[PDB]
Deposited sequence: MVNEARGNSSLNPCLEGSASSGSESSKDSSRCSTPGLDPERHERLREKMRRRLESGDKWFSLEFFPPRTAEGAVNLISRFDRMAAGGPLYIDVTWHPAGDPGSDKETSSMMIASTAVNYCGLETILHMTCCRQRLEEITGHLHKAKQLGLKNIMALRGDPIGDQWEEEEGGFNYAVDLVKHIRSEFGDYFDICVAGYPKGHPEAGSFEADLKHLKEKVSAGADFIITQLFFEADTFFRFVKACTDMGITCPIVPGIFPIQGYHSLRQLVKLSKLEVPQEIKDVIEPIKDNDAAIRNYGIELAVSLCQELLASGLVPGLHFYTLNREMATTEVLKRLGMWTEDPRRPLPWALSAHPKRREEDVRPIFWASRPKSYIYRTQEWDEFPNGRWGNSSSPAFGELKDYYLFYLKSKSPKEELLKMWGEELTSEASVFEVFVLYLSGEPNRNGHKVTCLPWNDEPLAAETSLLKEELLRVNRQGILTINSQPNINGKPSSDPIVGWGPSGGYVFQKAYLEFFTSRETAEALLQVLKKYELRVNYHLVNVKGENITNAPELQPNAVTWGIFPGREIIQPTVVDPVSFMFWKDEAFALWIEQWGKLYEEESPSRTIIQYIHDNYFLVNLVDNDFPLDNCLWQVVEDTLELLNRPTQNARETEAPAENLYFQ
């Protein structure tokens, strides 16, 4: 049993580590994840666990399902695997079937959580598993060193934690923390209540700017000033960020293990090994494609680490974004699609709406408009004003020092290149006119068009990813941060279209004309993605759009 070995390790004074992975968005991602499992197992982790993300039908039977990732790890790889579980908006028989399948599939360890929106708290699930399936499953539960964000207080949260662990459970996994002192405080507090189950500290290695930028938003974590200050100059050079994160992790882990109150370190891998492996090797616990820079939904899809961090349970919708402010931003009600066009335009121009409220966000892009779109702002306003609703773009760039404050990245002393591209929704009429016009730009312009119905039109290769950003650096291969890939793009459509009726539509009633307008847009508008391959020349995307309008109008 897991608890048994953990106690037969604690009593011997052995220190162990564990690794947390999340189901890859894509099948070849699953294959690469399994390869990662095999390679990391040589370190001798006590157990791995697979995150349970409610959004992506976790209890399904596809090769992406967390269930099957865990099942493959435990059967084929032999690694101890804990399957996470959530309760929010789940019915009794669904949970029952899931646990039955897990029993059949051999998921001997179930990690019980509550998730986020016949079960309300995590205590209810632990109690369901203990009542029905007996003591087959080993149950651990989440603990929070500073207090769950929405708890009334840290003391009542500790009381509820006691209640949970007393019902069932076997050990507590503790959310990431930046200083060992707080974890010691938490351990002592639990000790006073007499929580006998071991508490395992969560270690989050900062790996690239994206992780930091997401993490800083989480208020209660209170990222120390030092980390932000040091990173900020380095911000562009992710590799340096990773090194600093490794240094921080080693320091924190050394301080923890110095005390001996820590049975073992729980590392959130984010499906990226090198960082965690280096940290473990520095501590010395390591027993003994290289895609480690996901670049959100743009980088290599086949990478197991592919995926926007905001989809990770830790940063899933924490940016509350109150619905009343969204309603006041994008207009209380819409008279016609012209209103939608206006909203898209203001998001880029920045002038206040007629009601005086600036449109600060859109359903798709949450992050602030980067400083590269200053080179496209006028043309973007042009296209958006004329019904071409851009949701992403970048200018074509020739060789430029990697130290350029606007467009530079990567190891200093390199040269960085970009291909112009344009992601935008359009009316079916505009889409067809765009298809006709492109015929004369076929050689130099790559385009993907897809409807919510799934109909897809593309001239790019069926499965070859079109490289769009790359850099030349001394003594190193060619880095390709940004990619346009039909596979990543094709399923991305489902998210992009869903956002129309999920984030914007819900703001309006079911019979309101605004809802009808949004539904019309969601049903008919195409999703389009254009790339200009002639990067050493002037950006023709403006010209092709202009001739599309001239043909249509």
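Taken in order along the deposited sequence, the stretches absent from the coordinates are 1 to 43, 161 to 170, 342 to 379, 645 to 663.
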